[PDB]
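The chain below stands alone and is given in structure tokens; this is the form deposited in one PDB entry.
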């Protein structure tokens, strides 16, 4: 009844098609959009699922010349004698009502989000299960997207596990630190990560204009002397900051901060960026946190009078992150893997003791959110 056509007609000087469905609801489709999206082999390459029609071939003032229909299809003639057929279900799905458009966007982008503080129950799955079963890989990625983190247990205590998950997603994201990389204490460390020092809350790689969306960290070896992990939900903290201190929020979401990274690892590099620490979309929703205090530059491109207020804002923001209501602490063991949203979470670690042998070793990697979402879309379809 809902996707069965009861009536189709051209309206509004034939610039619009209206469908009355059998459930009595109505949908409207501009004529230019219909012509633009003609599925015939002239206009549309089915093997690629892509449009061949050029913008240059589209009359933006086009009207429908003729229309007939049955319960399942509309058949249209155009002023220049082009001919088009559209299927009822295809039409129904693309209805321009706010409700139909929003529903489809949810299905494409999995916007569901569950904010958390210290009460977090760390979502946890088995590693081999995730590699083997789509049902488990689906739960893995959907929870990663919704909650921002998933732990995987039962991996080995050897290099190569993040690489297997990378393949399960599709491919990992290559950076100047390599395809994968080793978090251990190193002589002449090119990065504070590669020391025994404390890492306060940070996102990885704000020195890139497109920081890694997803981070993977696998504990190969762990020390008893320290090295606990800490996470906080950045979207949650930002919401509390806007509430408690709209001025601090305003400064952090509007000020461009310079980040830097110079050194040699996979290649030799001299990397520079600018980002707003709290990054808002066009509707004012926080979509990314860009913040690592180690790689924030000495160069600070703001007028002198904006400097101290910036720091006072940043301090309020860091204090919220450290608050006992926001922060969640745990300690990784050999064979544990954490996979998390590096645009949303900030993470850190406690200091631990140097010695003459390596007491602590994680292997990490990155992946692009688009690569991950693509796998998520495919998995959902296979599972449903």
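Under this definition, the rigid core comprises the largest set of C-alpha atoms superposing within 1.5 Å between the forms. Residue numbers count along the first chain shown, from 1.
Omitted from view is the form deposited in another entry, to which the following refers.
S.K.: With the two forms aligned on their rigid core, point out which item of 179, 146, 73, 276 shifts its C-alpha by 2 Å or more between this form and the one not shown.
M.R.: Of all the options, the C-alpha that shifts by at least 2 Å belongs to 179.
S.K.: Is it true that residue 264 shifts between this form and the one not shown by 2 Å or more at the Cα, once the core is aligned?
M.R.: Yes, residue 264 moves 2 Å or more.
S.K.: Taking the shown form as reference, are the C-alpha positions of residue 178 and residue 276 brought closer or pushed farther apart in the other entry, with a change of 3 Å or more?
M.R.: Those two alpha carbons end up closer in the other entry.
S.K.: Quick one: with a 3 Å or larger change, is the residue 370 to residue 176 CA distance smaller or larger in the other entry? Answer closer or farther.
M.R.: Compared with the form shown here, the C-alpha atoms of residue 370 and residue 176 sit closer together in the other entry, by 3 Å or more.
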